[PDB]
file coords20.cif (mmCIF, C-alpha atoms)
data_data
#
loop_
_atom_site.label_atom_id
_atom_site.label_comp_id
_atom_site.auth_asym_id
_atom_site.auth_seq_id
_atom_site.Cartn_x
_atom_site.Cartn_y
_atom_site.Cartn_z
CA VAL A 37 176.30 136.54 28.35
CA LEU A 38 177.45 139.38 26.11
CA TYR A 39 176.31 141.62 23.26
CA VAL A 40 179.17 142.79 21.06
CA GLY A 41 176.89 144.78 18.78
CA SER A 42 173.20 144.64 19.54
CA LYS A 43 169.86 146.34 20.08
CA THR A 44 167.83 144.11 22.39
CA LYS A 45 164.44 145.38 23.54
CA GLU A 46 163.48 142.95 26.31
CA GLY A 47 160.24 143.30 28.23
CA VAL A 48 159.04 146.38 26.37
CA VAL A 49 155.62 147.93 25.79
CA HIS A 50 155.91 150.76 23.31
CA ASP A 51 153.71 152.57 20.80
CA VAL A 52 150.39 151.94 22.51
CA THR A 53 147.45 154.16 21.63
CA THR A 54 143.87 154.65 22.78
CA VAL A 55 141.17 157.08 21.66
CA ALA A 56 137.88 156.94 23.54
CA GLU A 57 135.16 159.50 23.02
CA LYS A 58 131.53 159.99 24.00
CA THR A 59 131.66 156.70 25.90
CA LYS A 60 129.59 155.90 28.98
CA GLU A 61 129.98 153.54 31.92
CA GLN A 62 127.60 152.94 34.80
CA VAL A 63 127.54 150.69 37.81
CA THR A 64 124.48 150.85 40.03
CA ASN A 65 124.37 148.16 42.75
CA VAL A 66 127.75 146.43 42.99
CA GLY A 67 129.52 144.86 45.92
CA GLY A 68 132.95 145.54 44.54
CA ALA A 69 133.64 147.06 41.14
CA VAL A 70 136.87 147.71 39.27
CA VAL A 71 137.00 149.87 36.15
CA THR A 72 140.20 150.53 34.21
CA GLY A 73 141.40 152.34 31.12
CA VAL A 74 144.85 151.75 29.66
CA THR A 75 147.28 149.60 31.64
CA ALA A 76 150.71 148.95 30.14
CA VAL A 77 153.02 146.75 32.21
CA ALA A 78 156.49 145.61 31.21
CA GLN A 79 158.95 143.48 33.17
CA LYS A 80 162.10 141.46 32.64
CA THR A 81 162.00 138.94 35.48
CA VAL A 82 158.95 138.42 37.66
CA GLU A 83 157.86 136.01 40.38
CA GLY A 84 154.30 137.29 40.63
CA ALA A 85 151.97 138.90 38.11
CA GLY A 86 151.87 141.83 35.74
CA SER A 87 148.42 143.20 36.50
CA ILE A 88 145.89 141.96 39.04
CA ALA A 89 142.35 143.35 39.18
CA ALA A 90 140.14 141.36 41.55
CA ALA A 91 136.72 142.19 42.97
CA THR A 92 134.79 140.14 45.53
CA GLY A 93 131.33 141.31 46.46
CA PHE A 94 127.85 140.78 47.87
CA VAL A 95 124.42 142.35 47.30
CA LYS A 96 121.59 141.39 49.62
CA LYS A 97 118.43 143.43 48.96
CA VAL B 37 174.94 133.28 24.98
CA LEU B 38 176.03 136.15 22.75
CA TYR B 39 174.81 138.39 19.94
CA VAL B 40 177.62 139.62 17.69
CA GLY B 41 175.28 141.60 15.47
CA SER B 42 171.60 141.41 16.29
CA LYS B 43 168.25 143.06 16.90
CA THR B 44 166.29 140.79 19.23
CA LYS B 45 162.90 142.01 20.44
CA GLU B 46 162.02 139.55 23.21
CA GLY B 47 158.81 139.84 25.18
CA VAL B 48 157.55 142.93 23.37
CA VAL B 49 154.09 144.44 22.86
CA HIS B 50 154.31 147.29 20.40
CA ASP B 51 152.05 149.09 17.94
CA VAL B 52 148.77 148.41 19.70
CA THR B 53 145.78 150.61 18.89
CA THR B 54 142.22 151.04 20.10
CA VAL B 55 139.47 153.45 19.05
CA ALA B 56 136.22 153.26 20.98
CA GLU B 57 133.45 155.79 20.53
CA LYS B 58 129.83 156.22 21.57
CA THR B 59 130.04 152.92 23.44
CA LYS B 60 128.03 152.07 26.55
CA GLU B 61 128.50 149.69 29.46
CA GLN B 62 126.17 149.04 32.37
CA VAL B 63 126.19 146.76 35.37
CA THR B 64 123.17 146.87 37.64
CA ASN B 65 123.14 144.15 40.33
CA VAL B 66 126.53 142.47 40.51
CA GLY B 67 128.37 140.89 43.39
CA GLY B 68 131.77 141.63 41.96
CA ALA B 69 132.38 143.18 38.56
CA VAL B 70 135.57 143.88 36.65
CA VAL B 71 135.63 146.07 33.54
CA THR B 72 138.78 146.79 31.56
CA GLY B 73 139.91 148.64 28.46
CA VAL B 74 143.35 148.10 26.94
CA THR B 75 145.84 145.96 28.86
CA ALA B 76 149.25 145.36 27.30
CA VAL B 77 151.62 143.18 29.32
CA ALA B 78 155.09 142.08 28.25
CA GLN B 79 157.59 139.97 30.14
CA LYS B 80 160.76 137.99 29.54
CA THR B 81 160.74 135.45 32.37
CA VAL B 82 157.74 134.87 34.60
CA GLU B 83 156.72 132.43 37.31
CA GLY B 84 153.14 133.67 37.63
CA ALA B 85 150.75 135.26 35.16
CA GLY B 86 150.58 138.22 32.82
CA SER B 87 147.13 139.54 33.65
CA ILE B 88 144.65 138.24 36.22
CA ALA B 89 141.10 139.59 36.44
CA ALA B 90 138.96 137.56 38.82
CA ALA B 91 135.55 138.33 40.30
CA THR B 92 133.69 136.24 42.88
CA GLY B 93 130.23 137.36 43.88
CA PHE B 94 126.78 136.78 45.34
CA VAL B 95 123.33 138.32 44.83
CA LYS B 96 120.55 137.30 47.20
CA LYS B 97 117.36 139.31 46.61
CA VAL C 37 173.59 130.03 21.57
CA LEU C 38 174.59 132.93 19.34
CA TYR C 39 173.30 135.19 16.57
CA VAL C 40 176.06 136.46 14.29
CA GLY C 41 173.66 138.44 12.13
CA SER C 42 169.99 138.19 13.01
CA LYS C 43 166.64 139.80 13.69
CA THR C 44 164.74 137.48 16.03
CA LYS C 45 161.36 138.65 17.31
CA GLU C 46 160.55 136.15 20.08
CA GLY C 47 157.38 136.39 22.10
CA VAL C 48 156.04 139.47 20.34
CA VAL C 49 152.57 140.94 19.91
CA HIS C 50 152.70 143.82 17.46
CA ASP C 51 150.38 145.61 15.07
CA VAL C 52 147.14 144.88 16.87
CA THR C 53 144.11 147.04 16.13
CA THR C 54 140.56 147.42 17.41
CA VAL C 55 137.77 149.80 16.43
CA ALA C 56 134.55 149.55 18.41
CA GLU C 57 131.75 152.05 18.03
CA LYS C 58 128.14 152.43 19.14
CA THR C 59 128.42 149.11 20.98
CA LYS C 60 126.48 148.21 24.11
CA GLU C 61 127.03 145.81 26.99
CA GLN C 62 124.76 145.11 29.94
CA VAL C 63 124.86 142.81 32.91
CA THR C 64 121.87 142.86 35.23
CA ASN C 65 121.92 140.12 37.91
CA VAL C 66 125.34 138.48 38.01
CA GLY C 67 127.25 136.89 40.85
CA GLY C 68 130.62 137.68 39.36
CA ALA C 69 131.15 139.28 35.96
CA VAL C 70 134.29 140.03 34.00
CA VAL C 71 134.27 142.25 30.91
CA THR C 72 137.38 143.03 28.89
CA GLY C 73 138.43 144.91 25.79
CA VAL C 74 141.85 144.43 24.20
CA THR C 75 144.40 142.31 26.06
CA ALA C 76 147.79 141.77 24.43
CA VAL C 77 150.22 139.60 26.39
CA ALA C 78 153.68 138.55 25.25
CA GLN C 79 156.25 136.45 27.09
CA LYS C 80 159.43 134.53 26.42
CA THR C 81 159.49 131.96 29.22
CA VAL C 82 156.53 131.32 31.49
CA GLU C 83 155.59 128.84 34.20
CA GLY C 84 152.01 130.03 34.59
CA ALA C 85 149.55 131.62 32.18
CA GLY C 86 149.31 134.59 29.87
CA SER C 87 145.85 135.86 30.77
CA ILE C 88 143.44 134.51 33.37
CA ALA C 89 139.87 135.81 33.66
CA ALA C 90 137.80 133.73 36.07
CA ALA C 91 134.41 134.45 37.61
CA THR C 92 132.61 132.31 40.20
CA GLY C 93 129.16 133.38 41.27
CA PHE C 94 125.75 132.75 42.78
CA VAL C 95 122.26 134.24 42.35
CA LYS C 96 119.54 133.17 44.75
CA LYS C 97 116.31 135.15 44.23
CA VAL D 37 103.31 173.52 5.18
CA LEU D 38 103.34 172.62 8.86
CA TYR D 39 104.44 169.91 11.29
CA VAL D 40 102.26 169.72 14.40
CA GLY D 41 104.26 166.86 15.89
CA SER D 42 107.12 165.53 13.82
CA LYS D 43 110.73 164.45 13.46
CA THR D 44 111.72 165.03 9.84
CA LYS D 45 115.33 164.37 8.87
CA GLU D 46 115.61 165.88 5.39
CA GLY D 47 118.85 165.83 3.44
CA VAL D 48 120.85 164.04 6.12
CA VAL D 49 124.02 161.95 6.05
CA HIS D 50 124.57 160.38 9.44
CA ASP D 51 126.32 157.35 10.92
CA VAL D 52 128.97 156.95 8.24
CA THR D 53 132.08 154.95 9.05
CA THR D 54 135.38 154.09 7.38
CA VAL D 55 138.35 152.04 8.57
CA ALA D 56 141.33 151.87 6.22
CA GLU D 57 144.61 150.33 7.26
CA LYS D 58 147.88 149.30 5.63
CA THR D 59 146.53 150.54 2.29
CA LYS D 60 148.68 151.93 -0.51
CA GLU D 61 148.07 154.30 -3.41
CA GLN D 62 150.49 155.39 -6.11
CA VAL D 63 150.29 157.59 -9.15
CA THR D 64 153.40 157.86 -11.29
CA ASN D 65 152.89 159.74 -14.58
CA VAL D 66 149.52 161.50 -14.55
CA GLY D 67 148.38 164.69 -16.20
CA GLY D 68 145.80 165.43 -13.56
CA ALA D 69 144.96 163.13 -10.67
CA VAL D 70 142.33 163.35 -7.95
CA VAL D 71 142.38 161.08 -4.90
CA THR D 72 139.76 161.22 -2.16
CA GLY D 73 138.83 159.49 1.06
CA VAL D 74 135.46 160.01 2.72
CA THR D 75 133.15 162.68 1.30
CA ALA D 76 129.74 163.14 2.92
CA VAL D 77 127.54 165.82 1.36
CA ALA D 78 123.99 166.66 2.41
CA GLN D 79 121.68 169.32 1.01
CA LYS D 80 118.02 170.27 1.03
CA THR D 81 117.64 172.28 -2.18
CA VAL D 82 120.33 172.44 -4.84
CA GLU D 83 120.68 173.84 -8.35
CA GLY D 84 124.11 172.33 -9.02
CA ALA D 85 125.82 169.19 -7.76
CA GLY D 86 126.76 167.53 -4.50
CA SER D 87 130.33 166.53 -5.26
CA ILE D 88 132.35 167.17 -8.41
CA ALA D 89 135.78 165.60 -8.95
CA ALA D 90 137.06 166.17 -12.47
CA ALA D 91 140.53 165.66 -13.92
CA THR D 92 141.65 166.53 -17.45
CA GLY D 93 145.18 165.65 -18.44
CA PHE D 94 147.90 164.92 -20.98
CA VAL D 95 151.09 162.84 -21.03
CA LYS D 96 153.41 163.17 -24.00
CA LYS D 97 156.65 161.22 -23.52
CA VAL E 37 105.51 177.49 7.00
CA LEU E 38 105.47 176.62 10.69
CA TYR E 39 106.49 173.92 13.16
CA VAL E 40 104.26 173.79 16.23
CA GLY E 41 106.19 170.92 17.78
CA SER E 42 109.07 169.53 15.77
CA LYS E 43 112.67 168.40 15.48
CA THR E 44 113.73 168.94 11.88
CA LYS E 45 117.35 168.23 10.98
CA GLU E 46 117.71 169.70 7.49
CA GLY E 47 120.98 169.59 5.60
CA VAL E 48 122.91 167.80 8.33
CA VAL E 49 126.06 165.67 8.33
CA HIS E 50 126.53 164.12 11.75
CA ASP E 51 128.22 161.09 13.28
CA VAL E 52 130.90 160.64 10.65
CA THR E 53 133.98 158.60 11.54
CA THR E 54 137.29 157.69 9.93
CA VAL E 55 140.21 155.61 11.18
CA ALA E 56 143.23 155.38 8.89
CA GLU E 57 146.48 153.81 10.00
CA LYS E 58 149.76 152.73 8.43
CA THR E 59 148.49 153.95 5.06
CA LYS E 60 150.70 155.29 2.28
CA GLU E 61 150.17 157.64 -0.65
CA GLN E 62 152.64 158.67 -3.31
CA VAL E 63 152.53 160.85 -6.38
CA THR E 64 155.68 161.07 -8.46
CA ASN E 65 155.24 162.92 -11.78
CA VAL E 66 151.90 164.73 -11.82
CA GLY E 67 150.83 167.91 -13.52
CA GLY E 68 148.21 168.71 -10.93
CA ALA E 69 147.30 166.44 -8.03
CA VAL E 70 144.62 166.72 -5.37
CA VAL E 71 144.59 164.47 -2.30
CA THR E 72 141.92 164.68 0.40
CA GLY E 73 140.92 162.99 3.62
CA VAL E 74 137.52 163.56 5.22
CA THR E 75 135.27 166.25 3.73
CA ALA E 76 131.85 166.76 5.29
CA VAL E 77 129.70 169.46 3.67
CA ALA E 78 126.15 170.35 4.65
CA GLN E 79 123.89 173.02 3.19
CA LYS E 80 120.25 174.02 3.14
CA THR E 81 119.95 176.01 -0.09
CA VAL E 82 122.68 176.11 -2.71
CA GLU E 83 123.12 177.47 -6.23
CA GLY E 84 126.53 175.92 -6.82
CA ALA E 85 128.18 172.77 -5.51
CA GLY E 86 129.04 171.12 -2.22
CA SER E 87 132.61 170.07 -2.91
CA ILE E 88 134.70 170.66 -6.03
CA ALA E 89 138.12 169.05 -6.49
CA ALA E 90 139.47 169.57 -10.00
CA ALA E 91 142.95 169.00 -11.38
CA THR E 92 144.14 169.82 -14.90
CA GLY E 93 147.68 168.89 -15.82
CA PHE E 94 150.43 168.11 -18.31
CA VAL E 95 153.59 165.98 -18.28
CA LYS E 96 155.97 166.26 -21.22
CA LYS E 97 159.18 164.27 -20.66
CA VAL F 37 107.70 181.42 8.86
CA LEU F 38 107.59 180.58 12.55
CA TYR F 39 108.54 177.89 15.06
CA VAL F 40 106.25 177.81 18.09
CA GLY F 41 108.13 174.93 19.70
CA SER F 42 111.02 173.50 17.75
CA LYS F 43 114.61 172.32 17.53
CA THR F 44 115.74 172.81 13.94
CA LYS F 45 119.37 172.05 13.11
CA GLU F 46 119.80 173.49 9.61
CA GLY F 47 123.10 173.33 7.77
CA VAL F 48 124.96 171.54 10.55
CA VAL F 49 128.09 169.37 10.63
CA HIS F 50 128.48 167.85 14.06
CA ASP F 51 130.11 164.80 15.64
CA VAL F 52 132.83 164.30 13.07
CA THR F 53 135.87 162.23 14.02
CA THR F 54 139.19 161.27 12.47
CA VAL F 55 142.07 159.17 13.79
CA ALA F 56 145.12 158.88 11.55
CA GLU F 57 148.33 157.28 12.73
CA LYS F 58 151.62 156.15 11.22
CA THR F 59 150.42 157.36 7.82
CA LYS F 60 152.69 158.65 5.07
CA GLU F 61 152.24 160.98 2.12
CA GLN F 62 154.77 161.97 -0.52
CA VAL F 63 154.74 164.12 -3.60
CA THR F 64 157.92 164.28 -5.63
CA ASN F 65 157.56 166.11 -8.98
CA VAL F 66 154.25 167.95 -9.08
CA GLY F 67 153.24 171.14 -10.82
CA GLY F 68 150.59 171.99 -8.29
CA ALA F 69 149.60 169.76 -5.39
CA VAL F 70 146.89 170.09 -2.77
CA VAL F 71 146.77 167.87 0.32
CA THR F 72 144.06 168.12 2.96
CA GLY F 73 142.99 166.48 6.19
CA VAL F 74 139.57 167.10 7.72
CA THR F 75 137.38 169.80 6.17
CA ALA F 76 133.94 170.37 7.67
CA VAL F 77 131.85 173.07 5.99
CA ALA F 78 128.29 174.02 6.90
CA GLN F 79 126.09 176.70 5.39
CA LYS F 80 122.46 177.75 5.26
CA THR F 81 122.24 179.71 2.01
CA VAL F 82 125.02 179.76 -0.56
CA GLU F 83 125.52 181.08 -4.08
CA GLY F 84 128.93 179.49 -4.60
CA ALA F 85 130.52 176.33 -3.24
CA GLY F 86 131.31 174.70 0.08
CA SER F 87 134.88 173.60 -0.54
CA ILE F 88 137.02 174.14 -3.63
CA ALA F 89 140.42 172.48 -4.02
CA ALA F 90 141.84 172.96 -7.51
CA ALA F 91 145.34 172.34 -8.83
CA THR F 92 146.60 173.12 -12.34
CA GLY F 93 150.14 172.13 -13.19
CA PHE F 94 152.92 171.30 -15.63
CA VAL F 95 156.06 169.14 -15.53
CA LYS F 96 158.49 169.36 -18.43
CA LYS F 97 161.67 167.34 -17.80
#

call {"tool": "encode", "arguments": {"input": "coords20.cif", "output": "structure tokens"}}
result
Amino acid sequence: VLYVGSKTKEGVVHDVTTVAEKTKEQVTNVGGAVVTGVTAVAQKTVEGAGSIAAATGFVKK
Amino acid sequence: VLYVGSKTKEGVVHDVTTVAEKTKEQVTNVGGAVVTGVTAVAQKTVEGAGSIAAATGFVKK
Amino acid sequence: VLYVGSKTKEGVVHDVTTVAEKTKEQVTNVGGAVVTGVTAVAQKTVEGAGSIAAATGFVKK
Amino acid sequence: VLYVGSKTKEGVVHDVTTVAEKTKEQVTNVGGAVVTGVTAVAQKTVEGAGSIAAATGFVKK
Amino acid sequence: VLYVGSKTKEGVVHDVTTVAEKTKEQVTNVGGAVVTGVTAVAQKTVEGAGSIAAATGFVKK
Amino acid sequence: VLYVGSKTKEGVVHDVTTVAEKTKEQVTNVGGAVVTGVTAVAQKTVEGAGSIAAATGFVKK
């Protein structure tokens, strides 16, 4: 491996943008909830994941 | 492997954009919920996933 | 492998765009729900997936 | 004139929306140019106009 | 004139929205140019205009 | 004139929004140029205008 003259962006997350306004989010009766906004992940070598968002619940009433 | 003169974007996520406004989201009776916005993942070598969002639930009433 | 003079975008996700407004989303009685917005994944070598969104549920009443 | 119980929107401009992307506009040899984007005007009583965009020119060469 | 019970929006400009991206605008040889983006005007009683954008020019060469 | 019970928005400009990104604007040889972004004007009684953007020019070469 070598790079005599190079520009190598590897595993990059750049120039992301988000504009939220006047939004609304409710949860009322939830066993397990997960709420996210922006999530930028960048890797080069991975044995697992990049983003995990699980939720396991129960609601009896 | 070599790159004498190069520009190699590998596993890249760039120039993403999101504009949400006046939105609305509700959940009322959910075992397990998962709500997301933007999610930008970028990798070069992976043995798993890039984004996992599971939800396993139950609602008796 | 070599690149004497090159520009090689490999596994790229660029110039994505989303504009949501005045939307609405409800879930009322769900075992397991999954709700997403934008999801940009980019890889170069993968043994698994790029985006997994499962949901396994139950509703008795 | 009266309004015992009412909701009277008079001279209203609401819920406008515009999404431009990757566009292009050129002018090269123009006496007088006028370029506009969005223009929302709302009045209730007017003796003139609501939007005037004139352009008077000359190009000799 | 009277309003016992009322909600009277008169001369209103609300909930406007604009999303421009990656656009481009050039002018090269112009006597008089005028370039605008968003322009929201709202009045209730007017003797003139709501928005005037004139341009009077000349290009000899 | 009277308002026993009322909510009267008169001459209002509310909930405007603009999202520009990565744009570009050039002028090169212009007698008189005028470039604007957002311009929200609101009045109740006017004898003139709400927004005036003139430009009078000349280019000899």

call {"tool": "interface_residues", "arguments": {"input": "coords20.cif", "of": "chain B", "to": "chain E", "cutoff": "10 Å", "atoms": "only C-alpha atoms", "output": "list in words"}}
result
residues 53, 55, 57 and 58 of chain B

call {"tool": "write_last_selection", "arguments": {"input": "coords20.cif", "atoms": "C-alpha atoms", "output": "compact mmCIF listing (two decimals), in the coordinates of the input"}}
result
# COMPACT_ATOMS: atom_id res chain seq x y z
CA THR B 53 145.78 150.61 18.89
CA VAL B 55 139.47 153.45 19.05
CA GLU B 57 133.45 155.79 20.53
CA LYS B 58 129.83 156.22 21.57

call {"tool": "calpha_fit_and_write", "arguments": {"input": "coords20.cif", "fixed": "chain B", "moving": "chain A", "output": "mmCIF file with C-alpha atoms, in the frame of the given file"}}
result
data_model
loop_
_atom_site.group_PDB
_atom_site.id
_atom_site.type_symbol
_atom_site.label_atom_id
_atom_site.label_comp_id
_atom_site.auth_asym_id
_atom_site.auth_seq_id
_atom_site.Cartn_x
_atom_site.Cartn_y
_atom_site.Cartn_z
ATOM 1 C CA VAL A 37 174.947 133.275 24.981
ATOM 2 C CA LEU A 38 176.025 136.147 22.746
ATOM 3 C CA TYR A 39 174.812 138.396 19.934
ATOM 4 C CA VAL A 40 177.621 139.618 17.697
ATOM 5 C CA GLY A 41 175.279 141.599 15.472
ATOM 6 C CA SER A 42 171.605 141.409 16.292
ATOM 7 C CA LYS A 43 168.254 143.065 16.901
ATOM 8 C CA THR A 44 166.290 140.792 19.226
ATOM 9 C CA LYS A 45 162.905 142.012 20.443
ATOM 10 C CA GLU A 46 162.020 139.548 23.208
ATOM 11 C CA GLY A 47 158.808 139.844 25.184
ATOM 12 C CA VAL A 48 157.541 142.924 23.370
ATOM 13 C CA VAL A 49 154.094 144.438 22.860
ATOM 14 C CA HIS A 50 154.309 147.292 20.399
ATOM 15 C CA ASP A 51 152.046 149.095 17.941
ATOM 16 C CA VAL A 52 148.763 148.412 19.701
ATOM 17 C CA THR A 53 145.783 150.604 18.888
ATOM 18 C CA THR A 54 142.217 151.042 20.101
ATOM 19 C CA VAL A 55 139.470 153.448 19.047
ATOM 20 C CA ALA A 56 136.214 153.254 20.980
ATOM 21 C CA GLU A 57 133.455 155.786 20.526
ATOM 22 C CA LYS A 58 129.837 156.224 21.571
ATOM 23 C CA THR A 59 130.037 152.921 23.441
ATOM 24 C CA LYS A 60 128.029 152.071 26.548
ATOM 25 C CA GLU A 61 128.496 149.692 29.461
ATOM 26 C CA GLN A 62 126.171 149.041 32.375
ATOM 27 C CA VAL A 63 126.188 146.766 35.367
ATOM 28 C CA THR A 64 123.164 146.871 37.639
ATOM 29 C CA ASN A 65 123.131 144.158 40.338
ATOM 30 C CA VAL A 66 126.535 142.467 40.507
ATOM 31 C CA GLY A 67 128.372 140.894 43.395
ATOM 32 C CA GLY A 68 131.770 141.626 41.963
ATOM 33 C CA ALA A 69 132.385 143.182 38.565
ATOM 34 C CA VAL A 70 135.576 143.885 36.647
ATOM 35 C CA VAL A 71 135.628 146.072 33.544
ATOM 36 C CA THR A 72 138.787 146.786 31.556
ATOM 37 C CA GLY A 73 139.914 148.635 28.462
ATOM 38 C CA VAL A 74 143.346 148.098 26.940
ATOM 39 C CA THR A 75 145.834 145.961 28.861
ATOM 40 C CA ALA A 76 149.246 145.364 27.299
ATOM 41 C CA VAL A 77 151.616 143.175 29.312
ATOM 42 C CA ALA A 78 155.082 142.085 28.245
ATOM 43 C CA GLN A 79 157.599 139.969 30.146
ATOM 44 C CA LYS A 80 160.763 137.991 29.547
ATOM 45 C CA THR A 81 160.740 135.447 32.368
ATOM 46 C CA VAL A 82 157.734 134.873 34.594
ATOM 47 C CA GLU A 83 156.718 132.428 37.311
ATOM 48 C CA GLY A 84 153.148 133.663 37.631
ATOM 49 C CA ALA A 85 150.757 135.266 35.163
ATOM 50 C CA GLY A 86 150.583 138.214 32.820
ATOM 51 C CA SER A 87 147.130 139.536 33.648
ATOM 52 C CA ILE A 88 144.658 138.245 36.220
ATOM 53 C CA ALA A 89 141.104 139.592 36.430
ATOM 54 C CA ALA A 90 138.958 137.557 38.820
ATOM 55 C CA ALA A 91 135.553 138.334 40.303
ATOM 56 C CA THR A 92 133.690 136.241 42.878
ATOM 57 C CA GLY A 93 130.232 137.362 43.875
ATOM 58 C CA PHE A 94 126.783 136.779 45.338
ATOM 59 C CA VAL A 95 123.326 138.312 44.838
ATOM 60 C CA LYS A 96 120.546 137.300 47.197
ATOM 61 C CA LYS A 97 117.352 139.307 46.606
#

call {"tool": "atom_distance", "arguments": {"input": "coords20.cif", "atom1": "CA of residue 74 in chain B", "atom2": "CA of residue 63 in chain A"}}
result
19.4 Å

call {"tool": "residues_around", "arguments": {"input": "coords20.cif", "residues": "residue 65 in chain C", "least_positions_apart": "6", "cutoff": "8 Å", "atoms": "all atoms listed in the file", "output": "ChimeraX atom specification"}}
result
/B:64-66,95 /C:95

call {"tool": "resolve_selection", "arguments": {"input": "coords20.cif", "expression": "the PyMOL selection byres ((chain A and resi 75) around 8)", "output": "list in words"}}
result
residues 72, 73, 74, 76 and 77 of chain A; 74, 75 and 76 of chain B

call {"tool": "decode", "arguments": {"input": "coords20.cif", "residues": "range 39-87 of chain A", "atoms": "C-alpha atoms", "output": "PDB file, in the first residue's frame"}}
result
ATOM      1  CA  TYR A  39      -0.085   6.908  -1.972  1.00  0.00           C
ATOM      2  CA  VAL A  40       2.581   8.908  -3.800  1.00  0.00           C
ATOM      3  CA  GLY A  41       0.259  11.838  -4.430  1.00  0.00           C
ATOM      4  CA  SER A  42      -3.297  11.473  -3.226  1.00  0.00           C
ATOM      5  CA  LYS A  43      -6.325  12.798  -1.389  1.00  0.00           C
ATOM      6  CA  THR A  44      -8.277   9.798  -0.112  1.00  0.00           C
ATOM      7  CA  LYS A  45     -11.324  10.461   2.051  1.00  0.00           C
ATOM      8  CA  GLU A  46     -12.181   7.026   3.452  1.00  0.00           C
ATOM      9  CA  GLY A  47     -15.084   6.503   5.812  1.00  0.00           C
ATOM     10  CA  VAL A  48     -16.157  10.141   5.879  1.00  0.00           C
ATOM     11  CA  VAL A  49     -19.433  11.888   6.694  1.00  0.00           C
ATOM     12  CA  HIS A  50     -19.156  15.558   5.843  1.00  0.00           C
ATOM     13  CA  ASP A  51     -21.448  18.436   4.914  1.00  0.00           C
ATOM     14  CA  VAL A  52     -24.563  17.168   6.647  1.00  0.00           C
ATOM     15  CA  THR A  53     -27.331  19.638   7.438  1.00  0.00           C
ATOM     16  CA  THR A  54     -30.650  19.626   9.268  1.00  0.00           C
ATOM     17  CA  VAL A  55     -33.182  22.385   9.910  1.00  0.00           C
ATOM     18  CA  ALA A  56     -36.195  21.460  12.020  1.00  0.00           C
ATOM     19  CA  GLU A  57     -38.661  24.040  13.249  1.00  0.00           C
ATOM     20  CA  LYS A  58     -42.059  24.108  14.938  1.00  0.00           C
ATOM     21  CA  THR A  59     -42.044  20.305  14.986  1.00  0.00           C
ATOM     22  CA  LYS A  60     -43.775  18.178  17.611  1.00  0.00           C
ATOM     23  CA  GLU A  61     -43.267  14.671  18.956  1.00  0.00           C
ATOM     24  CA  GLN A  62     -45.304  12.831  21.560  1.00  0.00           C
ATOM     25  CA  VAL A  63     -45.224   9.397  23.094  1.00  0.00           C
ATOM     26  CA  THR A  64     -47.931   8.559  25.600  1.00  0.00           C
ATOM     27  CA  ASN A  65     -47.985   4.890  26.683  1.00  0.00           C
ATOM     28  CA  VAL A  66     -44.820   3.151  25.508  1.00  0.00           C
ATOM     29  CA  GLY A  67     -42.870   0.287  26.986  1.00  0.00           C
ATOM     30  CA  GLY A  68     -39.589   1.439  25.542  1.00  0.00           C
ATOM     31  CA  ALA A  69     -39.188   4.400  23.214  1.00  0.00           C
ATOM     32  CA  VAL A  70     -36.180   5.763  21.371  1.00  0.00           C
ATOM     33  CA  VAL A  71     -36.213   9.172  19.682  1.00  0.00           C
ATOM     34  CA  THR A  72     -33.242  10.583  17.791  1.00  0.00           C
ATOM     35  CA  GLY A  73     -32.259  13.627  15.780  1.00  0.00           C
ATOM     36  CA  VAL A  74     -29.115  13.704  13.660  1.00  0.00           C
ATOM     37  CA  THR A  75     -26.698  10.777  13.934  1.00  0.00           C
ATOM     38  CA  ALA A  76     -23.587  10.825  11.752  1.00  0.00           C
ATOM     39  CA  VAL A  77     -21.286   7.819  12.111  1.00  0.00           C
ATOM     40  CA  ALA A  78     -18.126   7.193  10.117  1.00  0.00           C
ATOM     41  CA  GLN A  79     -15.693   4.297  10.379  1.00  0.00           C
ATOM     42  CA  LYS A  80     -12.879   2.689   8.432  1.00  0.00           C
ATOM     43  CA  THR A  81     -12.889  -0.894   9.705  1.00  0.00           C
ATOM     44  CA  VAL A  82     -15.667  -2.309  11.851  1.00  0.00           C
ATOM     45  CA  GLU A  83     -16.655  -5.701  13.231  1.00  0.00           C
ATOM     46  CA  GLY A  84     -19.993  -4.580  14.657  1.00  0.00           C
ATOM     47  CA  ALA A  85     -22.438  -1.870  13.636  1.00  0.00           C
ATOM     48  CA  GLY A  86     -22.513   1.851  13.004  1.00  0.00           C
ATOM     49  CA  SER A  87     -25.659   2.790  14.892  1.00  0.00           C
TER      50      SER A  87
END
